[PDB]
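Comments concern the structure below.
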Amino acid sequence: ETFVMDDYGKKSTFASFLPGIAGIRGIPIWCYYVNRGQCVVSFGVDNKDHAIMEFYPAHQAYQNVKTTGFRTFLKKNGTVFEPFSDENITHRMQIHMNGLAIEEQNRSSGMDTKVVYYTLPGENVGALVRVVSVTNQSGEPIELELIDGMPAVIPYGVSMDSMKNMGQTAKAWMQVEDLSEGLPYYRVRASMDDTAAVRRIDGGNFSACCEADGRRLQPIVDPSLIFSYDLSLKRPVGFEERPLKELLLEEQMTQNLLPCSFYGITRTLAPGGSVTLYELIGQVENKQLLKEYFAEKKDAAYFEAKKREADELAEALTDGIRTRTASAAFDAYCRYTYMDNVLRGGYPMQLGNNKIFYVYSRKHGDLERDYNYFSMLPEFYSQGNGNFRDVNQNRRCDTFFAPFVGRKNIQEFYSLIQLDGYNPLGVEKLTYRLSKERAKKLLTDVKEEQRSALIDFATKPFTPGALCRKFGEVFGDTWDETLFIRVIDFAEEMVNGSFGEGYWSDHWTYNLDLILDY
Amino acid sequence: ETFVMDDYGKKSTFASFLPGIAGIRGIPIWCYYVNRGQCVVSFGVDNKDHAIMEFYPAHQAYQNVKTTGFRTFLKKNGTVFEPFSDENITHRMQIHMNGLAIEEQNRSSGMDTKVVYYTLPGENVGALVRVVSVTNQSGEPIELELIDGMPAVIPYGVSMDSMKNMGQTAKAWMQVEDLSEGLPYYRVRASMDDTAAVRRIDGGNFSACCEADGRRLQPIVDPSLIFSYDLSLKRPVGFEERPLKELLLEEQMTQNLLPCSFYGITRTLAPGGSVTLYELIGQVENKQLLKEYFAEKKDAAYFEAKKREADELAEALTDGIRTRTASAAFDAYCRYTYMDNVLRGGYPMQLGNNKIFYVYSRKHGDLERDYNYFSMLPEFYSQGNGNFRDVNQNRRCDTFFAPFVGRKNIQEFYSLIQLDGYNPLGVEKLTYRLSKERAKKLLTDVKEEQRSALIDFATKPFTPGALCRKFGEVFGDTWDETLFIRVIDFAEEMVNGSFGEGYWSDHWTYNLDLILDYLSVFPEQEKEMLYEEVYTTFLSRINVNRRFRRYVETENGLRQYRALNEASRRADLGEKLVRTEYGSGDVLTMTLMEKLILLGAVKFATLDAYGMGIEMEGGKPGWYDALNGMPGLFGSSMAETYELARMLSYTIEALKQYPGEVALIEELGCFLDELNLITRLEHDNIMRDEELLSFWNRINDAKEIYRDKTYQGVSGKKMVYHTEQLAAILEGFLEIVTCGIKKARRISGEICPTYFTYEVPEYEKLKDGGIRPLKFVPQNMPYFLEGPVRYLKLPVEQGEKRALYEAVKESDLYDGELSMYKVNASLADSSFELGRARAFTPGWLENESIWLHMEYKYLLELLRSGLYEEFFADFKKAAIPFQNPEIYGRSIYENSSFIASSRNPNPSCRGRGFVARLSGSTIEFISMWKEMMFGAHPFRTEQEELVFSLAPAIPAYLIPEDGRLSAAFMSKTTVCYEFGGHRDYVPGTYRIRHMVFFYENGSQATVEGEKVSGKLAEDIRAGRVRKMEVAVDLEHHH
Ligand SMILES: OC[C@H]1O[C@@H](O[C@@H]2[C@@H](O)[C@H](O[C@@H]3[C@@H](O)[C@H](O[C@@H]4[C@@H](O)[C@H](O[C@@H]5[C@@H](O)[C@H](O)O[C@H](CO)[C@H]5O)O[C@H](CO)[C@H]4O)O[C@H](CO)[C@H]3O)O[C@H](CO)[C@H]2O)[C@H](O)[C@@H](O)[C@@H]1O
Ligand SMILES: OC[C@H]1O[C@@H](O[C@@H]2[C@@H](O)[C@H](O[C@@H]3[C@@H](O)[C@H](O[C@@H]4[C@@H](O)[C@H](O[C@@H]5[C@@H](O)[C@H](O)O[C@H](CO)[C@H]5O)O[C@H](CO)[C@H]4O)O[C@H](CO)[C@H]3O)O[C@H](CO)[C@H]2O)[C@H](O)[C@@H](O)[C@@H]1O
């Protein structure tokens, strides 16, 4: 069920990505990786211009993975080693359905390193969980000092074109705050553009690291404390010159720089011992939500439960094509193909009692499809728009797997045919609108102050995720789902369709297949 | 003359660039470098999207210099070393005037490496020459295999945005051809864009490497043959695994890849031996030109001659400011400053017999000014366009160095002033056009086939470089320059000027400096300059809205956002001049006096309600560009008021000096009469009142009437006047301005203010839709250094200026530790809508930093006022050449935009320059040097007779032990002094004994005393004297 590659550093290069599914009640993110270094290039939330790690095409991703990617440094008795930096040392790679784990077995230094990547499922905050473990395989106790983190974090509010063109001047707006509390907040001082909503940048990027006991660690945001005069990020000269304890006591730059995030601990490892770290890198919209999320302590059990939930999510999503044949590769390929088809087209689900909804759909884009401008919705019940041909083809055999769909697809794709035989290119995401009298009749078990806001929001067109977020923000934390179900059920479907760019001559031929499949 | 830095890898980072001058007959290129790796980041020809090396900002340049920059690999008996990769190994760096050389001394491997960079001068093809030498310092013979080249070459036809966004997909169009011939050609297979001219990409990038013997080498274009699976370009795994000889025999990729260029040789070096390589990386437009260029073999003598020519080009360009003082750093800084000023403004030269041309000008841009879009012309007689303010300031002292220029600058920069007082932002490059009959008459000694093409090309507008290129392409290689000279001479000058983006409120104040600089050399031409009818008027493009319609009400209160009406937008291609008969007659001509009167009248009657500042109604701020939101808050500036007062005083003096008759257009005369009536009516009310509204309404109504009447067209009818009425009107205006300045000084405090910001609490809505204010509430602003700098120009007594200097020294504008003058006080207590300046950290960019331009302006104003001792004391400490190179973190011969002050939160960055060089302080330093070496007025006029005298003022720390100082006067005559002691020779404390003149024909002359008048002065001003000997206090003692 898993694919294992040995010595991926010396093999041919390829680019892949995580599925980025956070479930019904999660915030999805996008992450791409290559088979070089620590196998992470860029990731972020929503579309571009909101990326925690700078986005690169495939060539630049291959060229700059080992410098701007995740970095891990070790020191064993005055000598500094760097895992996943030398291809001669044996290393391995595993590709799960919804995960990625790599490891290295360095027989010279007698230490093993394992890194696990997965997306945090089913939480109000979208982030990328990262677990790092180091095991001592020598025969004597050792004194180990570890540093691990990301050397370049793009502050919130910096556009991609700005970063790639006017980067030197863009450093005037960069800052990092809240270092004493252990939750650094990366955002711009003021809006880059010369328009309204000045000093309105409230969202930011956060990073938190903790051990098994659950206590957070003091971060390092000044790259000059680790590399000193070396601006190529190739040698940790500062780490070699000075002990880790001294570095944490030194004053750090917080403004007019490109901030980083490194966490360090000091430990003495007995033979057979191990050290584990847990990290969370994500993006929020205000400090209040971030503070509320960390109102309860996070520990190892929480992270392992989240990892199991993330695996089970994909394993249950792709449970409708399970087969058994002579070769397991065939059924593994079948499951992967079904997952990809669901990811591109959209998984059908039954919403309310008479509505049909599609989730996980997105405008695809990757390190090789760099000409596209991908976009995702960072809220509950994630969905996205797409082209006509792709969505029409992907939903060809949707009735067979989900009998309750019926003839929704046929009506949807035959109502987009104009009187002259041509059809619009775009198929926008679903939305719902509620009338006046029905809205006033349904809302009879709520306070007037909440009722006014709810009836003002529900009348305008909305998406289910936005409705759920508004429900939460209005009712606090002790609401009921029956009201949401009734509002969705009594809502009215809103028509969809965008003209796009032009008229093709082959988009009309993919409907007889739907008719025959039904 | 050269700056040497040791172990530049471990020092603080900085960014610089080569001057990129290829001479008159060369193709210039642009190249930037940093103090990391091999010190080359990106270079190319023309603007961006045509770069051989990918362009990066400063941060990315620092981060990726060691990977995408030039790479050198060595192998000594199975072990691979890489020079300029480890900072522990000793290395050195030298910065020449027009070159760059680095070296490394590796005592472990016992090998030395030296790399030299320079631009190829005076050739039809622009390229970057690179010389690499390796010397064996061991005691035994070694077997050396060398590989050197560039790992990433951008094929011709790939845009920058494409490379930085869609690079993975863009590799489908990349290819490399002509590998057997040894001249690889990098270009795209077809045009990237989906438009016409398909398969028309003919230009490309080429690289050629040869040894001393002149034979070319087989290149390597596949990076996978050197790095193998290592895609990070960090380890040459392929080179380590296999010998060099085997690599050259293997098949290489030529399509669907990012090509590189590596050259390799194999040699056995005896102890003390050396190996040298020469390279050429450039860009052409067709293969035929490249083949023709390499029709003759290139060898070591050719390259060394080219290097000597490149050095001599700069050494001769900067030969007009040569001096000799106690410290060589001072004269080196003077030469560098003059070179930078020439590079930004343009070197004057005499083209043909009656034309004046400027070369080497460009739209500047560098790794730190990444927001600009630089552009250069890749042809002979290189030139470029620029902004109005920068070009106007850079050519302030151009007449002194080049007497033959005359009054070209004054006419050029006064013909760009529109009838409403504003001027276009852009000043495009010069161009020429030839008529029909003259073209057919001149071309009578050429074949018909060539004549048709020549007369078809010459009629259309053209540049001299394009004309020379067409001449060459038509005539082959055996033409004559007399035809080109005659065509240039008989060509007609074409008008220039582009509207740009918007209207500022400070571009008009940099012309009195030009007038005074011209008059300081030709004191007897004043009347002729004033009463010459040659100046034209630029045609306005956008007219400003009325004051009532300029106000928009928002939630925060009443604002001033709308400033221009789009309904009256003009076309930027129809006409660039103003004609009589409402646009259907001949070209309108006005005298200089009329222009001065119009400027004074228009800049008057624009004062704010309180009558202190001048409204910035053009939608843009003044000199301080960071506060780009001030015009939206009813902003006003006192610097414009001071400049207006100075200009009006000068105009009054000029009118009272030469009586006569002055003619003005009808509208200007009516405006002057109405303004005189308003002033005569409300002078009494102005004196005793705080807030003035009726005066503001009357003057704004008159100005609006005049502006709307004159915008749509002006008749050629002209009204005669006299001098007494104009003198009286200008005296009244000057009195009003002086009263306003006094009121502003009373209100502000101990230091003269610089800006004001009003807020109207109550307003009345009109029936037509406009908004009529009822009252204004002034608000104070933090102190700025520009205020006192402008105020020092006014003619006040010495005591007030000394008190102002003491107050400024005691105030917060004077940094304590650095002993320099900041730009402004704390802005943290002002409104948040001021602009981008409020979003910057204090002590960084234009926020409480040390701006060299304003500091040098203040020092120059101190010098001109007569505070010689204070000027010397402050210049000893605030000058760039006197700074500590370690703290400054840069060569002391180069300027910077600003220096971080003590307010910077990071202590380690306090006292370091930024934004490379080419700031506005170069012209300030040039003026300071001129007035310090020769005095304010070398030439005077009395009873229509020229008088020549010198009044130098040199501080004690510049006179050498032998007491001899030399400087270049008029860039042709050398003046040598002889001081008899070590003391400050301020004027009034010394007397000149005698002077000796050396004519160019060998005759001598000795004039006793200090005053020389007559034919000797005429010869001196005409450059007929080669050397002078001036003695102060007789001979020199111990
Ligand atoms: O055969 C292989 C595949 O070919 C594909 O066709 C490609 C075609 O789609 C591509 O078109 C280019 C446009 O995508 C490109 O779009 C531009 C935007 O990128 C730009 O905005 C970005 C902005 O998103 C970012 O934040 O900032 C950037 C810097 O400011 C900014 O550039 O806006 C532009 C203006 O709106 C917009 O045009 O524009 C290019 C130039 O016009 C287009 O060329 O072109 C490729 C090369 O020709 C094609 O290969 C097919 O679609 C695939 O099916 C094939 O598999
Ligand atoms: O106080 C410090 C200094 O501040 C400066 O003000 C800065 C201001 O000039 C800057 O304006 C930005 C524009 O320069 C920028 O221009 C855009 C172009 O870059 C773009 O074309 C490029 C193209 O050249 C390249 O080949 O491809 C690129 C990718 O496709 C493409 O982006 O075209 C745009 C549309 O025409 C054009 O706007 O645009 C930015 C966004 O509008 C502007 O912000 O902004 C800075 C930050 O606000 C200012 O600091 C002063 O000028 C200096 O005097 C000060 O020293």
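We name chains A, B, ... following the order of the structure tokens; residues begin at 1 in each chain, and ligands are numbered from 1 as shown.
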Contacts to ligand 2 at 7 Å cut-off (only C-alpha atoms and all ligand atoms) as an mmCIF file with N, CA and C atoms, in the first residue's frame:
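So the final result, stored in part.cif, reads:
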```cif
data_model
loop_
_atom_site.group_PDB
_atom_site.id
_atom_site.type_symbol
_atom_site.label_atom_id
_atom_site.label_comp_id
_atom_site.auth_asym_id
_atom_site.auth_seq_id
_atom_site.Cartn_x
_atom_site.Cartn_y
_atom_site.Cartn_z
ATOM 1 N N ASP A 161 4.818 38.315 -6.673
ATOM 2 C CA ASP A 161 5.560 39.149 -7.613
ATOM 3 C C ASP A 161 6.444 40.147 -6.878
ATOM 4 N N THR A 169 13.736 45.909 -1.460
ATOM 5 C CA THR A 169 12.956 47.004 -0.900
ATOM 6 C C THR A 169 11.804 46.515 -0.033
ATOM 7 N N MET A 192 1.042 46.879 1.812
ATOM 8 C CA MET A 192 2.019 47.243 0.790
ATOM 9 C C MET A 192 1.415 48.181 -0.247
ATOM 10 N N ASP A 193 0.204 47.881 -0.709
ATOM 11 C CA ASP A 193 -0.431 48.690 -1.738
ATOM 12 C C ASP A 193 -0.869 50.040 -1.178
ATOM 13 N N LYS B 48 16.228 44.969 -19.203
ATOM 14 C CA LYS B 48 15.935 43.607 -18.790
ATOM 15 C C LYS B 48 15.285 42.844 -19.944
ATOM 16 N N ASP B 49 15.018 41.560 -19.709
ATOM 17 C CA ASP B 49 14.507 40.602 -20.687
ATOM 18 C C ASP B 49 15.526 40.296 -21.777
ATOM 19 N N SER B 159 11.893 36.338 -21.746
ATOM 20 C CA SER B 159 11.642 37.484 -20.888
ATOM 21 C C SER B 159 11.916 37.138 -19.426
ATOM 22 N N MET B 160 12.150 38.183 -18.629
ATOM 23 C CA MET B 160 12.473 37.992 -17.217
ATOM 24 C C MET B 160 11.305 37.373 -16.458
ATOM 25 N N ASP B 161 10.092 37.884 -16.683
ATOM 26 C CA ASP B 161 8.929 37.349 -15.983
ATOM 27 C C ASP B 161 8.683 35.896 -16.363
ATOM 28 N N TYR B 371 13.071 48.614 -7.901
ATOM 29 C CA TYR B 371 11.767 49.075 -8.363
ATOM 30 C C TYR B 371 11.846 49.815 -9.691
ATOM 31 N N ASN B 372 13.025 50.293 -10.075
ATOM 32 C CA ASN B 372 13.184 50.963 -11.355
ATOM 33 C C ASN B 372 13.345 49.945 -12.479
ATOM 34 N N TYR B 373 13.078 50.401 -13.699
ATOM 35 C CA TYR B 373 13.203 49.591 -14.908
ATOM 36 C C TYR B 373 14.237 50.272 -15.798
ATOM 37 N N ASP B 625 9.585 62.659 -1.238
ATOM 38 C CA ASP B 625 8.659 61.793 -1.955
ATOM 39 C C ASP B 625 8.018 60.740 -1.061
ATOM 40 N N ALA B 626 8.563 60.509 0.135
ATOM 41 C CA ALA B 626 7.995 59.494 1.016
ATOM 42 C C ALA B 626 6.619 59.897 1.531
ATOM 43 N N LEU B 845 15.847 54.132 5.549
ATOM 44 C CA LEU B 845 15.283 54.786 4.353
ATOM 45 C C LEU B 845 14.963 56.237 4.727
ATOM 46 N N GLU B 846 13.875 56.809 4.212
ATOM 47 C CA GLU B 846 13.540 58.208 4.476
ATOM 48 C C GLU B 846 12.722 58.311 5.764
#
```
- request: Can you list, as a ChimeraX atom specification, all residues belonging to range 354-430 of chain A that DSSP tags as alpha helix (DSSP H)?
  value: /A:388-394,398-401,408-414
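The chain A residues that come within 7 Å of chain B are residues 10, 57, 58, 59, 62, 63, 64, 165, 166, 167, 168, 172, 173, 189, 190, 229, 231, 232, 253, 368, 370 and 371 of chain A, with only C-alpha atoms taken into account.
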Quick one: write out the picked residues with N, CA and C atoms as a JSON list (two decimals), in the first residue's frame?
```json
[["chain", "number", "residue", "atom", "x", "y", "z"],
["A", 10, "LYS", "N", 20.10, 10.17, -5.54],
["A", 10, "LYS", "CA", 20.82, 9.86, -6.77],
["A", 10, "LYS", "C", 19.91, 9.43, -7.91],
["A", 57, "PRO", "N", 9.05, 27.24, -9.57],
["A", 57, "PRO", "CA", 8.82, 26.24, -10.61],
["A", 57, "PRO", "C", 9.64, 24.98, -10.37],
["A", 58, "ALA", "N", 9.50, 23.97, -11.23],
["A", 58, "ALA", "CA", 10.17, 22.70, -11.00],
["A", 58, "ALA", "C", 11.69, 22.85, -11.02],
["A", 59, "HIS", "N", 12.22, 23.62, -11.97],
["A", 59, "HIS", "CA", 13.67, 23.77, -12.09],
["A", 59, "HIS", "C", 14.25, 24.48, -10.87],
["A", 62, "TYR", "N", 14.11, 22.21, -7.82],
["A", 62, "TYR", "CA", 15.23, 21.28, -7.78],
["A", 62, "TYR", "C", 16.51, 21.99, -7.37],
["A", 63, "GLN", "N", 16.73, 23.21, -7.87],
["A", 63, "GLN", "CA", 17.99, 23.89, -7.65],
["A", 63, "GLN", "C", 18.13, 24.44, -6.23],
["A", 64, "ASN", "N", 17.03, 24.84, -5.59],
["A", 64, "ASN", "CA", 17.09, 25.56, -4.32],
["A", 64, "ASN", "C", 16.40, 24.81, -3.18],
["A", 165, "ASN", "N", 10.47, 40.24, -7.37],
["A", 165, "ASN", "CA", 10.99, 41.38, -8.11],
["A", 165, "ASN", "C", 11.62, 42.44, -7.23],
["A", 166, "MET", "N", 10.91, 42.91, -6.20],
["A", 166, "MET", "CA", 11.33, 44.02, -5.37],
["A", 166, "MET", "C", 11.64, 43.54, -3.95],
["A", 167, "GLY", "N", 12.31, 42.39, -3.85],
["A", 167, "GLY", "CA", 12.53, 41.78, -2.55],
["A", 167, "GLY", "C", 13.40, 42.62, -1.63],
["A", 168, "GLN", "N", 14.43, 43.26, -2.18],
["A", 168, "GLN", "CA", 15.33, 44.06, -1.35],
["A", 168, "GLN", "C", 14.59, 45.22, -0.70],
["A", 172, "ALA", "N", 11.53, 46.39, 4.16],
["A", 172, "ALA", "CA", 11.22, 47.47, 5.08],
["A", 172, "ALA", "C", 9.93, 47.22, 5.84],
["A", 173, "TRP", "N", 8.99, 46.48, 5.25],
["A", 173, "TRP", "CA", 7.70, 46.22, 5.87],
["A", 173, "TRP", "C", 7.69, 44.95, 6.72],
["A", 189, "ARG", "N", 4.06, 45.39, 8.61],
["A", 189, "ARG", "CA", 3.67, 46.50, 9.47],
["A", 189, "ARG", "C", 2.42, 47.20, 8.94],
["A", 190, "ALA", "N", 2.34, 47.39, 7.63],
["A", 190, "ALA", "CA", 1.21, 48.06, 7.01],
["A", 190, "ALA", "C", 1.02, 47.49, 5.60],
["A", 229, "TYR", "N", 28.38, 35.43, 8.89],
["A", 229, "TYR", "CA", 28.66, 36.14, 7.64],
["A", 229, "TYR", "C", 28.29, 35.33, 6.40],
["A", 231, "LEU", "N", 26.08, 34.18, 3.91],
["A", 231, "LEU", "CA", 24.75, 34.51, 3.41],
["A", 231, "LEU", "C", 24.21, 33.48, 2.43],
["A", 232, "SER", "N", 24.99, 32.46, 2.08],
["A", 232, "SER", "CA", 24.53, 31.42, 1.17],
["A", 232, "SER", "C", 23.75, 30.32, 1.87],
["A", 253, "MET", "N", 17.53, 40.36, 15.88],
["A", 253, "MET", "CA", 16.83, 41.31, 15.03],
["A", 253, "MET", "C", 15.36, 40.92, 14.91],
["A", 368, "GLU", "N", 5.08, 21.70, -12.11],
["A", 368, "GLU", "CA", 5.23, 21.57, -13.55],
["A", 368, "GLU", "C", 4.13, 22.26, -14.34],
["A", 370, "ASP", "N", 3.11, 25.22, -13.95],
["A", 370, "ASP", "CA", 3.35, 26.54, -13.38],
["A", 370, "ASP", "C", 2.59, 27.65, -14.09],
["A", 371, "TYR", "N", 2.06, 27.39, -15.29],
["A", 371, "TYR", "CA", 1.30, 28.41, -15.99],
["A", 371, "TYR", "C", -0.09, 28.62, -15.40]]
```
CA of residue 430 in chain A to CA of residue 485 in chain A, distance in Å rounded to a single decimal: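 Between CA of residue 430 in chain A and CA of residue 485 in chain A the gap is 16.8 Å.
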Using DSSP on the backbone coordinates, identify the residues of range 137-336 of chain A assigned to strand (DSSP E); present them as a compact mmCIF listing (two decimals) with N, CA and C atoms, in the first residue's frame.
```
# COMPACT_ATOMS: atom_id res chain seq x y z
N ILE A 142 26.33 10.20 24.39
CA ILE A 142 26.79 11.33 23.61
C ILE A 142 26.07 12.59 24.09
N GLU A 143 26.70 13.73 23.83
CA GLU A 143 26.15 15.04 24.15
C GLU A 143 25.69 15.67 22.84
N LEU A 144 24.38 15.78 22.66
CA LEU A 144 23.78 16.19 21.40
C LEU A 144 23.11 17.55 21.56
N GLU A 145 23.36 18.44 20.60
CA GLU A 145 22.67 19.72 20.50
C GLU A 145 22.02 19.79 19.13
N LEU A 146 20.70 19.99 19.11
CA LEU A 146 19.91 19.90 17.89
C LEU A 146 19.32 21.25 17.54
N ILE A 147 19.31 21.57 16.25
CA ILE A 147 18.64 22.76 15.72
C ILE A 147 17.87 22.34 14.49
N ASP A 148 16.59 22.71 14.43
CA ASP A 148 15.74 22.32 13.32
C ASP A 148 14.72 23.42 13.06
N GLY A 149 14.49 23.72 11.79
CA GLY A 149 13.50 24.72 11.44
C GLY A 149 13.61 25.10 9.97
N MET A 150 12.89 26.17 9.63
CA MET A 150 12.81 26.69 8.27
C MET A 150 13.57 28.00 8.17
N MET A 174 8.77 44.18 6.74
CA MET A 174 8.76 42.90 7.43
C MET A 174 9.07 43.08 8.91
N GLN A 175 8.41 42.29 9.75
CA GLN A 175 8.64 42.31 11.18
C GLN A 175 8.16 41.00 11.79
N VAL A 176 8.63 40.74 13.00
CA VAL A 176 8.21 39.57 13.78
C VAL A 176 7.97 40.02 15.21
N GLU A 177 6.88 39.54 15.81
CA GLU A 177 6.47 39.97 17.13
C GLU A 177 6.06 38.76 17.96
N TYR A 185 4.86 35.80 15.43
CA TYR A 185 3.81 36.21 14.51
C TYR A 185 4.45 37.01 13.39
N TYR A 186 4.40 36.47 12.17
CA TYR A 186 5.02 37.10 11.01
C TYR A 186 3.95 37.81 10.19
N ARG A 187 4.06 39.13 10.08
CA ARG A 187 3.15 39.91 9.25
C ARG A 187 3.81 41.25 8.94
N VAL A 188 3.26 41.94 7.95
CA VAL A 188 3.78 43.24 7.54
C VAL A 188 3.28 44.32 8.49
N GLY A 204 -1.50 36.33 10.06
CA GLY A 204 -0.06 36.13 10.07
C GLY A 204 0.27 34.66 10.14
N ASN A 205 1.56 34.38 10.01
CA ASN A 205 2.07 33.02 10.08
C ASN A 205 2.66 32.78 11.47
N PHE A 206 2.44 31.58 11.99
CA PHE A 206 2.88 31.22 13.32
C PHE A 206 3.61 29.88 13.28
N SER A 207 4.53 29.70 14.23
CA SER A 207 5.26 28.46 14.38
C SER A 207 5.40 28.15 15.86
N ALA A 208 5.15 26.89 16.22
CA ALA A 208 5.26 26.45 17.60
C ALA A 208 5.91 25.08 17.64
N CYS A 209 6.86 24.91 18.55
CA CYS A 209 7.57 23.64 18.71
C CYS A 209 7.50 23.21 20.17
N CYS A 210 7.24 21.92 20.38
CA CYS A 210 7.14 21.38 21.73
C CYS A 210 7.61 19.94 21.73
N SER A 261 12.81 30.61 11.47
CA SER A 261 12.24 29.95 12.65
C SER A 261 13.05 28.69 12.92
N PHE A 262 13.92 28.75 13.92
CA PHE A 262 14.74 27.61 14.33
C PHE A 262 14.53 27.35 15.82
N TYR A 263 14.40 26.08 16.18
CA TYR A 263 14.23 25.66 17.56
C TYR A 263 15.36 24.74 17.96
N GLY A 264 15.88 24.93 19.16
CA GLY A 264 17.03 24.17 19.62
C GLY A 264 16.84 23.67 21.03
N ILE A 265 17.36 22.47 21.28
CA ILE A 265 17.36 21.85 22.60
C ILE A 265 18.72 21.23 22.86
N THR A 266 19.01 20.99 24.14
CA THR A 266 20.25 20.36 24.57
C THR A 266 19.92 19.13 25.40
N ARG A 267 20.57 18.01 25.08
CA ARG A 267 20.27 16.76 25.76
C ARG A 267 21.49 15.85 25.69
N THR A 268 21.57 14.94 26.65
CA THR A 268 22.58 13.88 26.65
C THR A 268 21.86 12.55 26.43
N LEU A 269 22.23 11.85 25.36
CA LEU A 269 21.53 10.65 24.94
C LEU A 269 22.30 9.42 25.40
N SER A 274 16.37 8.37 22.47
CA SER A 274 15.81 9.10 21.34
C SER A 274 15.29 10.45 21.81
N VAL A 275 15.19 11.38 20.87
CA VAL A 275 14.66 12.72 21.10
C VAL A 275 13.68 13.04 19.99
N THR A 276 12.50 13.54 20.36
CA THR A 276 11.44 13.82 19.40
C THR A 276 10.96 15.25 19.55
N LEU A 277 10.72 15.92 18.42
CA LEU A 277 10.18 17.27 18.39
C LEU A 277 8.93 17.30 17.52
N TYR A 278 8.02 18.21 17.85
CA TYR A 278 6.79 18.40 17.10
C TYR A 278 6.65 19.87 16.75
N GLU A 279 6.22 20.15 15.52
CA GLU A 279 6.13 21.52 15.03
C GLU A 279 4.80 21.75 14.33
N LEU A 280 4.39 23.01 14.29
CA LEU A 280 3.14 23.42 13.65
C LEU A 280 3.38 24.76 12.96
N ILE A 281 3.30 24.77 11.63
CA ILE A 281 3.45 25.98 10.84
C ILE A 281 2.15 26.20 10.08
N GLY A 282 1.50 27.33 10.32
CA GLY A 282 0.22 27.60 9.69
C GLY A 282 -0.07 29.07 9.49
N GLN A 283 -1.32 29.40 9.18
CA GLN A 283 -1.71 30.77 8.92
C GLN A 283 -3.12 31.00 9.45
N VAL A 284 -3.30 32.10 10.18
CA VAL A 284 -4.60 32.46 10.74
C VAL A 284 -4.99 33.84 10.22
```
Could you list, with a cut-off of 8 Å and counting only C-alpha atoms and all ligand atoms, the residues of chain A near ligand 1, each shown with its nearest atom pair and the distance in Å rounded to one decimal, rows sorted by chain and ascending number, as a Markdown table?
```
| residue | atom | partner | partner_atom_place_in_ligand_line | distance |
| --- | --- | --- | --- | --- |
| A:48 | CA | ligand 1 | 26 (O) | 6.9 |
| A:49 | CA | ligand 1 | 26 (O) | 6.7 |
| A:159 | CA | ligand 1 | 26 (O) | 6.9 |
| A:160 | CA | ligand 1 | 26 (O) | 5.5 |
| A:161 | CA | ligand 1 | 27 (O) | 4.6 |
| A:162 | CA | ligand 1 | 30 (O) | 7.9 |
| A:369 | CA | ligand 1 | 56 (O) | 7.7 |
| A:371 | CA | ligand 1 | 14 (O) | 4.7 |
| A:372 | CA | ligand 1 | 14 (O) | 6.0 |
| A:373 | CA | ligand 1 | 24 (O) | 6.2 |
```
Based on the selection just made, write C-alpha atoms of those residues as a short mmCIF file (atom, residue, chain, number, x, y, z; two decimals), in the first residue's frame.
```cif
data_model
loop_
_atom_site.label_atom_id
_atom_site.label_comp_id
_atom_site.auth_asym_id
_atom_site.auth_seq_id
_atom_site.Cartn_x
_atom_site.Cartn_y
_atom_site.Cartn_z
CA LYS A 48 -0.42 32.17 -4.20
CA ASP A 49 0.64 35.44 -2.53
CA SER A 159 2.70 39.14 -2.79
CA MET A 160 4.63 36.64 -4.90
CA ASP A 161 5.56 39.15 -7.61
CA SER A 162 6.78 41.58 -4.96
CA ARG A 369 1.86 23.19 -14.36
CA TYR A 371 1.30 28.41 -15.99
CA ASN A 372 -1.89 27.80 -13.99
CA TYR A 373 -2.99 29.96 -11.05
#
```
